[PDB]
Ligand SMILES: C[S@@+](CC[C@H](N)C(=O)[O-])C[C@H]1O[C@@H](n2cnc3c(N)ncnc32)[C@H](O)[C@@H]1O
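Just one chain is shown here, as structure tokens, and it is the form solved without this ligand.
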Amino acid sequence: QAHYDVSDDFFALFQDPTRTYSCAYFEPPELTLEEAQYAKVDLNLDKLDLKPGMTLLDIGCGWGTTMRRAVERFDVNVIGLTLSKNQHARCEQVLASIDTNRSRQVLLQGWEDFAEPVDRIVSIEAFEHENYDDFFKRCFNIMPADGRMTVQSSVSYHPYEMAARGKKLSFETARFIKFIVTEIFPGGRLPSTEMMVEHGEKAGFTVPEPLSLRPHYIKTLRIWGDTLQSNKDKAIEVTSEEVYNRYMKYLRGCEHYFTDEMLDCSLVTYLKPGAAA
């Protein structure tokens, strides 16, 4: 598995300047990838009913862009969880950089080890963060009566659903998912939307209809792919041709199966019983 670790410098050769490793939101459609990454952060935060002085938890806080945007836009305290030491170090500096009185904290740890009261939770494609019942129970229990959470995740369809598009394409898609979860996100899993919704419900949350981000991911993946390609030699020099090919397969293949409607990406909102109208 640790054969599949790639240095941060490689990702830098395909991602926008914020280093955001998740679906962008092209509204309006003319946004650059970077602007669209801020637009995706806003799309998530604007769902959360955030008010000054509240504490936002960011599960998989990445390079800290979401937390910074939350502090600046909503005048909230933030706590981020990441399992990356590089990310942790960057987040601390990103947040110390902010001119604010608000509390800002980043913890090198998973959500399993998190049990502090917070007001709202955001989690954007946190692939490093079986455990689903425990996750949603924890998120429910650490929030107040009006708590809300968003989780954005790439998703797969159950094999049953996949078979309805015909066997040829269902076996092909299952193999490719196996590739994502072996070589790109080792030990990862792609839940389905229905899993995301029904685990949230079992935990007591109200779950409105998930937002599909599929066409936005097609665009993100196209830009990422053309960009990595544009940097072939520089990428190859930084890792190997092996790592370059793997990521082109990933990027192009995802764009393909998203376009064919065999993968999706859902932004699911979870509302506690007392959430504001």
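Residue positions are given as counts along the sequence shown, with the first one as 1. Only residues modelled in both forms are compared. For clarity, a rigid core is taken as the largest C-alpha set superposing within 1.5 Å between two forms.
Unmodelled stretch separating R102 from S103: none (count of deposited-sequence residues without coordinates).
The form deposited with this ligand bound is left out here; the points below concern that form.
With the site C-alphas superposed, this ligand from its pose in the deposited complex puts 3 or more atoms within 2.4 Å of the backbone and C-beta atoms of the shown form; the site is blocked. Here is the short version: of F185, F140, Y132, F176, the single residue with a heavy atom within 4.5 Å of this ligand in the deposited complex is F185. Taking a 4.5 Å heavy atom cutoff to this ligand in the deposited complex, the contact residue among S84, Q105, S170, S192 is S84. In the deposited complex, this ligand sits beyond 4.5 Å of every heavy atom of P210. At least one heavy atom of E112 is located within 4.5 Å of this ligand in the deposited complex. At least one heavy atom of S22 is located within 4.5 Å of this ligand in the deposited complex.
Remark: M67 does not count among the residues lining this ligand in the deposited complex, judged by a heavy atom distance of 4.5 Å or less. The stretch that touches this ligand in the deposited complex, counting heavy atoms within 4.5 Å, is 74-82, out of 74-82, 142-150, 195-203, 92-100. Contact annotation for 39-78: residues with any non-hydrogen atom within 4.5 angstroms of this ligand in the deposited complex are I59, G60, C61, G62, listed in sequence order. Segments of 3 or more consecutive residues in which every C-alpha moves by 2 Å or more between the shown form and the other one, counting only residues present in both forms and fitting on the core, reduce to a single one: 127-129.
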